[PDB]
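Below sits a lone chain in structure tokens, taken as the form deposited in one PDB entry.
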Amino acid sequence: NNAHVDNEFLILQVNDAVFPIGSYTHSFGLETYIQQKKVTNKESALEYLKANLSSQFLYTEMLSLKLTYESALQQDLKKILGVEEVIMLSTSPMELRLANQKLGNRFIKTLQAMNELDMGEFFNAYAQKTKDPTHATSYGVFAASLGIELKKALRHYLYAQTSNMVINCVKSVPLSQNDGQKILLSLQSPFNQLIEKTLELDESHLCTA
């Protein structure tokens, strides 16, 4: 039914910076740290990025991606909605809440506008009931529905979000293009640690960072 669809390309397409889901929300803490003169060069940007990756980005976004992926495999919509409720309640202020929700809704809507892509009955049920979808959670359900391997879905999502964070630093600090590339390289070892950790964590760790 998705005979004409190739997951190897589809994972690249939905993680492409150009995938049309409205405006982005990672540049949030950054602009504050720039005004505070806490992030003003390559070295300080890197430490900022590592700190962020291993706090809220791991314990909220990455972990939630995994939780909704695993629950989707068990057709457990209830747990998915519960994860989304926990995240919504731990998110402030209302502007970030609103934006994250917009991003979530846009991700789902963009998939759905591709009429020739069949997401399956479970995904479409999720799409109809979700109140506070996020990019990471709806992605988790997306990957589970199409049978994309978890470690691969994570790796691709992790790289894409981080790339967005770094290009944010390059523009806002600013940094040099090569500085951004050096940063992305040095983050590869943290990336795999992050992925390892994500697999060890369970729902009790959700939003604790």
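What we label the rigid core is the largest C-alpha set whose atoms superpose within 1.5 Å from one form to the other. Note that residue numbering follows the sequence shown and begins at 1.
The next section is about a form of this same protein that is not shown, the form deposited in another entry.
Here the two forms are overlaid on the core, and between the shown form and the other one the C-alpha of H26 is the only one among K42, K50, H26, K152 to shift by 2 Å or more. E85: CA moves less than 2 Å between the shown form and the other one after rigid-core fitting. A movement of the C-alpha atom of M94 reaching 2 angstroms or beyond is seen between the shown form and the other one when the two forms are aligned on their rigid core. Between the C-alpha atoms of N52 and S23, a gap narrowed by no less than 3 Å is obtained in that other deposited form, as opposed to the form on display. Relative to the shown form, the CA atoms of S23 and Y157 are brought 3 Å or more closer together in that other deposited form.
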